[PDB]
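Chains as they are written, first to last, in the entry's author numbering: chain i, 626 to 688; chain h, 345 to 464, 626 to 688; chain j, 345 to 464. This report concerns only the one structure given below.
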Amino acid sequence: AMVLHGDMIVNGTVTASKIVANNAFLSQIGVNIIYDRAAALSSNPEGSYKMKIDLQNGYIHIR
Amino acid sequence: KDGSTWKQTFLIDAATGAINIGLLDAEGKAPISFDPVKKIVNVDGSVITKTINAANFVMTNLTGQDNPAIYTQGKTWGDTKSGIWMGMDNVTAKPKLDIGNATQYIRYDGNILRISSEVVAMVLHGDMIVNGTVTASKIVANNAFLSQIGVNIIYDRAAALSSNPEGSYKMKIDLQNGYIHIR
Amino acid sequence: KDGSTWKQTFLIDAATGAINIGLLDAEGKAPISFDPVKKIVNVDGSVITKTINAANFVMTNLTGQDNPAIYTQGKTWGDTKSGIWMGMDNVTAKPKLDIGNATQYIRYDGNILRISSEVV
């Protein structure tokens, strides 16, 4: 329900439950456990990937 | 009396109970003339109106084809003009409405609405547990306290916000073909 | 008749076609008095109204400075009050509108709108 005719400097909080886009010129990030859309958009986001860099427990799994 | 024109204004006739006031323009009627026979209360216009007591909202004398409505005469739901229309339309049995032009406006029908316009179009005064689907085409933010992720081929905003998201980066971890390129 | 005040209500004069009803408050007029000479249909107020047939929407007798509009008397587009205003404003030639206060409301002008509010 957001039809856009201008540029938004949001003075509130931009929350959400899902996100699809083509790119993102962001400022600072957060990604707990590196899946990929090689698996995410693909079925089972824990599906076909080659290396999942989880920064929580010294986890560099290389495939 | 006037010239050869016996202009008559007030009348009461003991033949049909007709009660007439004001000059005549109709074939046998005047703006505020009356006819208790086949009773009808006919009036029009009010220079001063500072009050009502009931709504004066519905339209009747035709249950279906006098649609209850307060609207701009000469414009309705589907006109390119920037006029207005409100009330309970009865050709659809439920309210029609349109405020503004045909591109930057608010349209409504008794069942659904069409507001093809923005606002500064998500202004937020509360916290959202979205019960729908939050889709999008682009995203810019300062951080994200997410739950689960997806990132096909690890670029960086060292390249993404920078020109050519395939631009200046140092290691692109694509999880699709055993691709760890280190620079 | 009353006291030394000959309060007159109904009248018809064969000098100017004047048709008068009700007590007088104006200089030479009454709420539902009439004057077919320089014709005018003047009335006001209706205790019972359960019907209309045409909109009763436009405002005329001044093409530009009687703006076609149904609105709260004493408030319009740009007032901090929480009143309302609707219709085809003619000082801008197109509809003005505002429902609610000056912070949590919906504003509109014939061309554009300003709804500085949320929804869930």
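Every residue, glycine too, gets a C-beta built ideally from N, C-alpha and C.
- The DSSP-derived three-state label of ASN648/i is strand.
- Relative to the Cα of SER426/j, the nearest Cα in the group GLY418/j, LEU367/j and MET432/j belongs to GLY418/j.
- Counted as a single uninterrupted DSSP element, the beta strand (DSSP E) harbouring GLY431/h occupies residues 428-431.
- Any Cβ of chain j closer than 8 Å to the Cβ of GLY631/h would place that residue at the interface, and such an atom is present.
- Annotation: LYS675/i is outside any beta strand (DSSP E) and is labelled neither H nor E by DSSP.
- Selection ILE428/h, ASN636/h, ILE658/h and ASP442/h evaluated against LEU666/i yields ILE658/h as nearest (Cα-Cα).
- At a beta-carbon threshold of 8 Å, the residues of chain j lying near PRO375/h are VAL385, ordered along the chain.
- In the pairwise beta carbon analysis, the segment 442-461 of chain h is classified as not touching the segment 639-651 of chain h: fewer than three pairs are separated by under 8 Å.
- For the beta strand (DSSP E) assignment, the uninterrupted runs of no fewer than 3 residues enclosed by the segment 374-418 of chain h are, from N- to C-terminal side, 413-415.
- Note on geometry: alpha-carbon atoms of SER673/h and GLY631/i lie some 30 Å from one another.
- Closest option to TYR660/i, judged by alpha-carbon separation, among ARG688/i, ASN648/i, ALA626/i and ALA649/i: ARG688/i.
- Residues of chain j with a Cβ closer than 9 Å to the Cβ of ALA370/h do not exist, since the nearest Cβ in that chain sits about 13 Å away.
- Taking 8 Å as the upper bound for CB-CB distance, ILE396/h and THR393/j are in contact here, some 6 Å apart.
- At a beta-carbon threshold of 8 Å, the residues of chain i lying near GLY655/h are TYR660, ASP661, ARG662, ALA664, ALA665, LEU666 and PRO670, ordered along the chain.
- At a beta-carbon threshold of 9 Å, none of the residues of chain h lie near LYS440/j; the nearest stands roughly 10 Å away.
- In the displayed model, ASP632/h falls within coil according to three-state DSSP, outside both helix and strand.
- Using a Cβ distance threshold of 8 Å, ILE428/j and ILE443/j count as a contacting pair.
- Here the alpha carbons of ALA398/h and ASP433/h stand approximately 20 Å from one another.
- Its Cα nearest to that of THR424/j, the residue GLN448/j stands out among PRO412/j, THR436/j and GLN448/j.
- Taking a Cβ-Cβ cut-off of 7 Å, the neighbours of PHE401/j in chain h comprise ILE414, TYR415, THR416 and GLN417, given in sequence order.
- Taking a contact as a CB-CB distance under 8 Å, the pair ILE365/h and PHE378/j counts as one, their CB atoms being some 6 Å apart.
- Straight-line measurement puts the Cα of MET430/j at about 11 Å from the Cα of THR416/h.
- Non-local beta-carbon contacts of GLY361/h in its own chain, meaning distances under 6 Å to residues more than five positions away in sequence, involve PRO380 and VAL381 in chain order.
- Against chain h, the CB of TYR684/i has no partner CB under 8 Å away; the residue lies outside that interface.
- Contact of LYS675/h with chain j by beta-carbon distance below 9 Å is absent, the smallest such distance being about 42 Å.
- Boundaries of the beta strand (DSSP E) around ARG451/h: 449-453.
- Taking every protein chain shown into account, the CB of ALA374/h has 16 or more other CB atoms within 10 angstroms, so this residue is buried.
- For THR404/h, the C-beta contacts it makes with chain j under 9 Å involve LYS394, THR395, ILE396 and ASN397, in order along the chain.
- Using a Cβ-Cβ cut-off of 8 Å, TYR452/j counts as an interface residue toward chain h, since at least one Cβ of chain h sits closer than that to its own.
- Below the 7 Å Cβ cutoff, chain h contributes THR353 as neighbours of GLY361/j, in chain order.
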